[PDB]
$ cat target_36.cif   # mmCIF, C-alpha atoms and all ligand atoms
data_query
loop_
_atom_site.label_atom_id
_atom_site.label_comp_id
_atom_site.auth_asym_id
_atom_site.auth_seq_id
_atom_site.Cartn_x
_atom_site.Cartn_y
_atom_site.Cartn_z
CA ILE A 1 -35.36 23.02 -51.05
CA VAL A 2 -37.44 21.86 -54.01
CA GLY A 3 -36.37 18.74 -55.88
CA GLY A 4 -33.64 18.10 -53.31
CA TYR A 5 -33.13 15.19 -50.96
CA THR A 6 -33.10 14.54 -47.23
CA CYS A 7 -29.50 15.36 -46.30
CA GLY A 8 -29.41 12.95 -43.40
CA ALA A 9 -29.08 14.11 -39.81
CA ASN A 10 -26.13 16.45 -39.24
CA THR A 11 -24.50 15.76 -42.61
CA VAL A 12 -24.40 19.53 -43.22
CA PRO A 13 -22.76 20.50 -39.90
CA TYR A 14 -22.41 24.20 -40.79
CA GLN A 15 -26.10 24.44 -41.65
CA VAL A 16 -27.80 26.87 -39.29
CA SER A 17 -31.49 27.29 -38.54
CA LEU A 18 -32.13 30.92 -37.69
CA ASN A 19 -35.02 30.66 -35.23
CA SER A 20 -37.18 33.53 -33.96
CA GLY A 21 -39.84 31.36 -32.36
CA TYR A 22 -39.77 29.37 -35.62
CA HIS A 23 -37.26 28.52 -38.29
CA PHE A 24 -37.39 31.49 -40.64
CA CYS A 25 -34.03 31.33 -42.43
CA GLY A 26 -30.90 29.29 -42.87
CA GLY A 27 -27.36 30.27 -42.04
CA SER A 28 -23.83 28.95 -42.27
CA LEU A 29 -21.59 28.59 -39.24
CA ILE A 30 -18.23 30.04 -40.28
CA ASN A 31 -16.52 29.93 -36.88
CA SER A 32 -17.46 29.12 -33.30
CA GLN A 33 -19.17 32.51 -32.83
CA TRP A 34 -20.27 33.67 -36.29
CA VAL A 35 -23.07 32.73 -38.68
CA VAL A 36 -23.39 34.19 -42.15
CA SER A 37 -26.87 34.45 -43.62
CA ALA A 38 -28.80 36.50 -46.14
CA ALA A 39 -29.22 40.10 -45.06
CA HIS A 40 -32.90 39.80 -45.98
CA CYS A 41 -33.07 37.17 -43.22
CA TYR A 42 -32.18 39.88 -40.72
CA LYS A 43 -34.41 40.10 -37.66
CA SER A 44 -34.08 41.02 -34.02
CA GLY A 45 -34.23 38.29 -31.41
CA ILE A 46 -32.57 35.65 -33.59
CA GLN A 47 -31.70 32.37 -31.92
CA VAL A 48 -29.09 30.46 -33.92
CA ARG A 49 -29.94 26.75 -33.98
CA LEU A 50 -26.93 24.52 -34.65
CA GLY A 51 -26.70 20.79 -35.18
CA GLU A 52 -30.27 20.84 -36.46
CA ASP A 53 -31.70 18.06 -38.55
CA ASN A 54 -35.39 17.94 -37.73
CA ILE A 55 -36.01 21.54 -36.65
CA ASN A 56 -39.24 20.46 -34.93
CA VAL A 57 -37.90 17.80 -32.53
CA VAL A 58 -34.87 18.00 -30.23
CA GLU A 59 -32.59 15.16 -31.33
CA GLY A 60 -29.63 15.66 -28.98
CA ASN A 61 -27.12 17.35 -31.31
CA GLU A 62 -28.74 20.79 -31.20
CA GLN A 63 -26.96 23.88 -29.95
CA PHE A 64 -29.35 26.79 -29.40
CA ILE A 65 -27.37 30.03 -29.16
CA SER A 66 -29.13 33.38 -29.43
CA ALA A 67 -27.62 36.05 -31.65
CA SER A 68 -25.50 38.50 -29.68
CA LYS A 69 -25.34 40.86 -32.66
CA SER A 70 -26.36 40.97 -36.30
CA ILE A 71 -24.38 42.88 -38.93
CA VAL A 72 -26.26 43.31 -42.19
CA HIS A 73 -23.79 44.09 -44.94
CA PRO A 74 -23.14 47.86 -45.09
CA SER A 75 -24.17 48.05 -48.76
CA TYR A 76 -27.11 45.65 -48.47
CA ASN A 77 -29.93 46.85 -50.73
CA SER A 78 -33.16 45.11 -49.73
CA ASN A 79 -34.79 46.11 -53.04
CA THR A 80 -32.24 44.60 -55.44
CA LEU A 81 -30.91 42.14 -52.81
CA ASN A 82 -27.43 43.34 -53.72
CA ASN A 83 -25.02 42.45 -50.92
CA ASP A 84 -27.66 40.12 -49.51
CA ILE A 85 -25.34 38.94 -46.73
CA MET A 86 -25.39 39.42 -42.98
CA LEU A 87 -23.07 38.41 -40.17
CA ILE A 88 -24.61 37.01 -36.99
CA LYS A 89 -22.49 36.73 -33.87
CA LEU A 90 -23.51 34.09 -31.36
CA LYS A 91 -23.89 35.04 -27.71
CA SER A 92 -21.40 32.26 -26.96
CA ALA A 93 -19.08 30.15 -29.07
CA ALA A 94 -20.63 27.08 -30.64
CA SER A 95 -19.24 23.80 -29.34
CA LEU A 96 -17.70 22.55 -32.57
CA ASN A 97 -17.90 18.81 -33.21
CA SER A 98 -18.50 16.41 -36.10
CA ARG A 99 -22.08 17.74 -36.45
CA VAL A 100 -21.72 21.40 -35.49
CA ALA A 101 -18.80 22.42 -37.68
CA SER A 102 -17.89 25.72 -39.25
CA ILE A 103 -17.75 26.07 -43.03
CA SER A 104 -14.61 27.53 -44.57
CA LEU A 105 -14.69 30.87 -46.35
CA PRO A 106 -13.79 30.68 -50.05
CA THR A 107 -10.29 31.75 -50.97
CA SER A 108 -11.41 31.85 -54.59
CA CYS A 109 -14.74 32.29 -56.22
CA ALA A 110 -16.27 29.09 -57.51
CA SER A 111 -16.77 28.94 -61.25
CA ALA A 112 -19.82 28.04 -63.29
CA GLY A 113 -20.24 24.28 -63.51
CA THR A 114 -18.86 23.71 -60.01
CA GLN A 115 -21.34 21.45 -58.25
CA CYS A 116 -22.54 22.96 -54.98
CA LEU A 117 -24.47 21.62 -52.01
CA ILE A 118 -27.44 23.84 -51.16
CA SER A 119 -29.33 22.99 -48.00
CA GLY A 120 -32.21 24.34 -45.97
CA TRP A 121 -35.54 23.68 -44.31
CA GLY A 122 -37.30 25.73 -46.97
CA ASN A 123 -40.43 24.89 -48.92
CA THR A 124 -39.99 21.62 -50.83
CA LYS A 125 -42.80 22.40 -53.29
CA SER A 126 -42.42 24.63 -56.33
CA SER A 127 -46.20 25.12 -56.35
CA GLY A 128 -47.99 25.06 -53.03
CA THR A 129 -46.23 24.91 -49.69
CA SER A 130 -44.70 21.94 -47.87
CA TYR A 131 -42.06 22.65 -45.26
CA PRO A 132 -39.90 19.68 -44.29
CA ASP A 133 -38.89 19.36 -40.71
CA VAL A 134 -35.55 17.74 -41.55
CA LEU A 135 -32.73 19.31 -43.55
CA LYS A 136 -33.11 19.07 -47.32
CA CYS A 137 -30.05 19.18 -49.57
CA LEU A 138 -29.66 19.99 -53.25
CA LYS A 139 -26.60 19.31 -55.36
CA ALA A 140 -26.70 22.01 -58.01
CA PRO A 141 -24.10 23.46 -60.37
CA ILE A 142 -23.14 27.09 -60.33
CA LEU A 143 -24.58 28.48 -63.53
CA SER A 144 -22.69 30.82 -65.81
CA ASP A 145 -22.85 34.56 -65.21
CA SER A 146 -24.35 34.96 -68.69
CA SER A 147 -26.99 32.31 -67.96
CA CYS A 148 -27.70 33.96 -64.59
CA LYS A 149 -27.97 37.38 -66.23
CA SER A 150 -30.12 36.00 -69.05
CA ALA A 151 -32.36 34.32 -66.46
CA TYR A 152 -32.70 37.55 -64.43
CA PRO A 153 -31.89 40.40 -66.84
CA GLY A 154 -30.87 43.61 -65.12
CA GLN A 155 -31.08 41.94 -61.69
CA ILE A 156 -27.86 39.94 -61.26
CA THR A 157 -25.05 41.98 -59.73
CA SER A 158 -21.43 40.88 -59.54
CA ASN A 159 -22.25 39.94 -55.93
CA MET A 160 -24.74 37.29 -57.03
CA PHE A 161 -24.52 33.99 -58.81
CA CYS A 162 -27.15 31.56 -60.00
CA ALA A 163 -27.05 27.90 -59.06
CA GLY A 164 -29.51 25.17 -59.97
CA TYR A 165 -31.25 24.17 -63.17
CA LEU A 166 -32.74 26.22 -65.99
CA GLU A 167 -35.34 23.52 -66.58
CA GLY A 168 -36.33 24.09 -62.95
CA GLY A 169 -37.71 21.42 -60.66
CA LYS A 170 -34.69 21.64 -58.32
CA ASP A 171 -34.02 24.82 -56.38
CA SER A 172 -33.66 26.44 -53.02
CA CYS A 173 -36.97 27.95 -51.97
CA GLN A 174 -38.67 30.13 -49.38
CA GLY A 175 -37.29 29.26 -45.96
CA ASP A 176 -33.94 28.24 -47.45
CA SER A 177 -32.91 31.92 -47.42
CA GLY A 178 -29.62 32.61 -45.70
CA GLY A 179 -28.73 28.95 -46.14
CA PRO A 180 -25.36 27.76 -47.36
CA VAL A 181 -24.18 27.08 -50.87
CA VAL A 182 -21.08 24.97 -50.34
CA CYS A 183 -18.79 24.05 -53.23
CA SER A 184 -15.53 22.16 -52.66
CA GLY A 185 -16.14 22.34 -48.92
CA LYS A 186 -16.22 26.15 -49.06
CA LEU A 187 -19.17 28.47 -48.49
CA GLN A 188 -19.48 29.95 -51.96
CA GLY A 189 -23.07 31.18 -51.80
CA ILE A 190 -25.92 32.23 -49.56
CA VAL A 191 -29.49 31.36 -50.53
CA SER A 192 -30.62 34.86 -51.47
CA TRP A 193 -33.54 34.99 -53.90
CA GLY A 194 -35.23 33.64 -57.00
CA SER A 195 -38.42 34.17 -59.00
CA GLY A 196 -40.46 31.57 -57.21
CA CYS A 197 -38.97 28.13 -56.63
CA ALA A 198 -37.75 25.55 -59.15
CA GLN A 199 -39.40 27.34 -62.07
CA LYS A 200 -38.01 26.82 -65.55
CA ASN A 201 -35.39 29.45 -66.44
CA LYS A 202 -35.56 30.91 -62.90
CA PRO A 203 -32.64 29.39 -60.99
CA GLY A 204 -31.88 30.34 -57.42
CA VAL A 205 -29.86 33.52 -57.02
CA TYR A 206 -27.20 33.31 -54.34
CA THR A 207 -25.02 35.86 -52.58
CA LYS A 208 -21.52 35.53 -54.01
CA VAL A 209 -19.70 34.94 -50.73
CA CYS A 210 -16.33 35.15 -52.44
CA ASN A 211 -16.85 38.93 -52.67
CA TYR A 212 -17.47 39.31 -48.92
CA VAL A 213 -14.62 37.27 -47.43
CA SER A 214 -12.72 40.49 -46.77
CA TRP A 215 -15.78 42.18 -45.25
CA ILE A 216 -16.62 39.01 -43.32
CA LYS A 217 -13.05 38.63 -42.06
CA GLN A 218 -12.61 42.30 -41.11
CA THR A 219 -16.03 42.24 -39.44
CA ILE A 220 -15.16 39.07 -37.49
CA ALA A 221 -11.82 40.69 -36.65
CA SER A 222 -13.43 43.61 -34.78
CA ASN A 223 -16.77 42.25 -33.53
CA CA B 1 -33.76 19.25 -33.96
CA CA B 2 -37.88 33.65 -47.49
#
$ encode --input "target_36.cif" --output "structure tokens"
Amino acid sequence: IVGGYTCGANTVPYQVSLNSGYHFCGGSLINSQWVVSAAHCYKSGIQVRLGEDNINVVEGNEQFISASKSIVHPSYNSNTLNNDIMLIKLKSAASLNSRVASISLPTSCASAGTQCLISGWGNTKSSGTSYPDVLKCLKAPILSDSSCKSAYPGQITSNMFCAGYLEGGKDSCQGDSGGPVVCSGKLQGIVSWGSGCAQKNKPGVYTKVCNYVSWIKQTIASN
């Protein structure tokens, strides 16, 4: 998260650190046993780290649950990042509390202008590389589809939306991938991609979770 702020410990209870020996991607806890993340965050041997604030020191609220199974979206295209969403099932149900909570799936798609909370342990620097150990948050509006398309011409599918700022300076970044975009307490987006981080006219592109609630629900229903 570039230009964001320190969330505060466990203020984003659905925030997940996907750990494979290291935090490599974010995720969103959607129920006791399921994390959604970006499909381009897919790896084998994922441990799902819940209740994380500082991903580098054990602070007592962590729940480390390895991934029982990962389900990259069937139509995930790694080249265009279309359908950049993946389901991760925990080996065991998370112990849900005030700090390890699931995030609700969107009934409706959030509109442009809706302010969203993006969070992750990604690079905090637009230029260079500084990885925070504690969760960074960014309040960022969903941008219009036209502004998203004009920012990334020929690249924005109906399954993506842009959030952030066209003047840049505030954006999800590398390492925020798979992380939540929560608007009105609902997981509206997944940190998917962007041309760099916090560049002018290059907002973050996020998986439009509203389009996958069916697929997510049916997948949860049989896995
Ligand atoms: Ca920790
Ligand atoms: Ca990345």
$ closest_atom_pairs --input "target_36.cif" --of "chain A" --to "ligand CA 2 (chain B)" --cutoff "12 Å" --atoms "all atoms listed in the file" --output "JSON lines"
{"residue": "A:1", "atom": "CA", "partner": "B:CA2", "partner_atom": "CA", "distance": 11.5}
{"residue": "A:18", "atom": "CA", "partner": "B:CA2", "partner_atom": "CA", "distance": 11.7}
{"residue": "A:23", "atom": "CA", "partner": "B:CA2", "partner_atom": "CA", "distance": 10.6}
{"residue": "A:24", "atom": "CA", "partner": "B:CA2", "partner_atom": "CA", "distance": 7.2}
{"residue": "A:25", "atom": "CA", "partner": "B:CA2", "partner_atom": "CA", "distance": 6.8}
{"residue": "A:26", "atom": "CA", "partner": "B:CA2", "partner_atom": "CA", "distance": 9.4}
{"residue": "A:37", "atom": "CA", "partner": "B:CA2", "partner_atom": "CA", "distance": 11.7}
{"residue": "A:38", "atom": "CA", "partner": "B:CA2", "partner_atom": "CA", "distance": 9.6}
{"residue": "A:39", "atom": "CA", "partner": "B:CA2", "partner_atom": "CA", "distance": 11.1}
{"residue": "A:40", "atom": "CA", "partner": "B:CA2", "partner_atom": "CA", "distance": 8.1}
{"residue": "A:41", "atom": "CA", "partner": "B:CA2", "partner_atom": "CA", "distance": 7.3}
{"residue": "A:42", "atom": "CA", "partner": "B:CA2", "partner_atom": "CA", "distance": 10.8}
{"residue": "A:120", "atom": "CA", "partner": "B:CA2", "partner_atom": "CA", "distance": 11.0}
{"residue": "A:121", "atom": "CA", "partner": "B:CA2", "partner_atom": "CA", "distance": 10.7}
{"residue": "A:122", "atom": "CA", "partner": "B:CA2", "partner_atom": "CA", "distance": 8.0}
{"residue": "A:123", "atom": "CA", "partner": "B:CA2", "partner_atom": "CA", "distance": 9.2}
{"residue": "A:131", "atom": "CA", "partner": "B:CA2", "partner_atom": "CA", "distance": 12.0}
{"residue": "A:172", "atom": "CA", "partner": "B:CA2", "partner_atom": "CA", "distance": 10.0}
{"residue": "A:173", "atom": "CA", "partner": "B:CA2", "partner_atom": "CA", "distance": 7.3}
{"residue": "A:174", "atom": "CA", "partner": "B:CA2", "partner_atom": "CA", "distance": 4.1}
{"residue": "A:175", "atom": "CA", "partner": "B:CA2", "partner_atom": "CA", "distance": 4.7}
{"residue": "A:176", "atom": "CA", "partner": "B:CA2", "partner_atom": "CA", "distance": 6.7}
{"residue": "A:177", "atom": "CA", "partner": "B:CA2", "partner_atom": "CA", "distance": 5.3}
{"residue": "A:178", "atom": "CA", "partner": "B:CA2", "partner_atom": "CA", "distance": 8.5}
{"residue": "A:179", "atom": "CA", "partner": "B:CA2", "partner_atom": "CA", "distance": 10.4}
{"residue": "A:191", "atom": "CA", "partner": "B:CA2", "partner_atom": "CA", "distance": 9.2}
{"residue": "A:192", "atom": "CA", "partner": "B:CA2", "partner_atom": "CA", "distance": 8.4}
{"residue": "A:193", "atom": "CA", "partner": "B:CA2", "partner_atom": "CA", "distance": 7.9}
{"residue": "A:194", "atom": "CA", "partner": "B:CA2", "partner_atom": "CA", "distance": 9.9}
{"residue": "A:195", "atom": "CA", "partner": "B:CA2", "partner_atom": "CA", "distance": 11.5}
{"residue": "A:196", "atom": "CA", "partner": "B:CA2", "partner_atom": "CA", "distance": 10.3}
{"residue": "A:197", "atom": "CA", "partner": "B:CA2", "partner_atom": "CA", "distance": 10.7}
$ atom_distance --input "target_36.cif" --atom1 "atom CA of residue A:10" --atom2 "atom CA of residue A:49"
12.2 Å
$ residues_around --input "target_36.cif" --residues "residue A:80" --least-positions-apart "5" --cutoff "9 Å" --atoms "all atoms listed in the file" --output "PyMOL selection string"
chain A and resi 155-157
$ closest_residue --input "target_36.cif" --among "A:66, A:75, A:188, A:61" --to "ligand CA 1 (chain B)" --atoms "all atoms listed in the file"
A:61
$ residues_around --input "target_36.cif" --residues "residue A:102" --least-positions-apart "5" --cutoff "9 Å" --atoms "all atoms listed in the file" --output "ChimeraX atom specification"
/A:13-15,28-32,34-35,96
$ write_last_selection --input "target_36.cif" --atoms "C-alpha atoms" --output "mmCIF file, in the coordinates of the input"
data_model
loop_
_atom_site.group_PDB
_atom_site.id
_atom_site.type_symbol
_atom_site.label_atom_id
_atom_site.label_comp_id
_atom_site.auth_asym_id
_atom_site.auth_seq_id
_atom_site.Cartn_x
_atom_site.Cartn_y
_atom_site.Cartn_z
ATOM 1 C CA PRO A 13 -22.760 20.500 -39.900
ATOM 2 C CA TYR A 14 -22.410 24.200 -40.790
ATOM 3 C CA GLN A 15 -26.100 24.440 -41.650
ATOM 4 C CA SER A 28 -23.830 28.950 -42.270
ATOM 5 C CA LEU A 29 -21.590 28.590 -39.240
ATOM 6 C CA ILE A 30 -18.230 30.040 -40.280
ATOM 7 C CA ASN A 31 -16.520 29.930 -36.880
ATOM 8 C CA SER A 32 -17.460 29.120 -33.300
ATOM 9 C CA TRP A 34 -20.270 33.670 -36.290
ATOM 10 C CA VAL A 35 -23.070 32.730 -38.680
ATOM 11 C CA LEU A 96 -17.700 22.550 -32.570
#
$ atom_distance --input "target_36.cif" --atom1 "atom CA of residue A:20" --atom2 "atom CA of residue A:190"
19.3 Å
$ closest_residue --input "target_36.cif" --among "A:82, A:158, A:124, A:115" --to "residue A:141" --atoms "all atoms listed in the file"
A:115
$ residues_near_ligand --input "target_36.cif" --ligand "ligand CA 1 (chain B)" --cutoff "8 Å" --atoms "all atoms listed in the file" --output "VMD selection string"
chain A and resid 51 to 62 134
$ residues_around --input "target_36.cif" --residues "residue A:104" --least-positions-apart "3" --cutoff "8 Å" --atoms "only C-alpha atoms" --output "ChimeraX atom specification"
/A:30,185-187
$ closest_residue --input "target_36.cif" --among "A:200, A:217, A:136, A:208" --to "residue A:167" --atoms "only C-alpha atoms"
A:200
$ atom_distance --input "target_36.cif" --atom1 "atom CA of residue A:130" --atom2 "atom CA of residue A:67"
27.5 Å
$ residues_around --input "target_36.cif" --residues "residue A:111" --least-positions-apart "6" --cutoff "12 Å" --atoms "all atoms listed in the file" --output "PyMOL selection string"
chain A and resi 141-145+161-163+183-184+188-189+208+210
$ residues_around --input "target_36.cif" --residues "residue A:164" --least-positions-apart "5" --cutoff "10 Å" --atoms "only C-alpha atoms" --output "VMD selection string"
chain A and resid 113 115 to 116 118 138 to 143 169 to 172 198 201 to 205
$ closest_residue --input "target_36.cif" --among "A:137, A:48, A:7, A:109" --to "residue A:211" --atoms "all atoms listed in the file"
A:109
$ residues_near_point --input "target_36.cif" --point "(-19.7, 37.3, -32.9)" --cutoff "7 Å" --atoms "only C-alpha atoms" --output "PyMOL selection string"
chain A and resi 33-34+68-69+88-90+220+223
$ closest_residue --input "target_36.cif" --among "A:86, A:94, A:50, A:103" --to "residue A:181" --atoms "only C-alpha atoms"
A:103
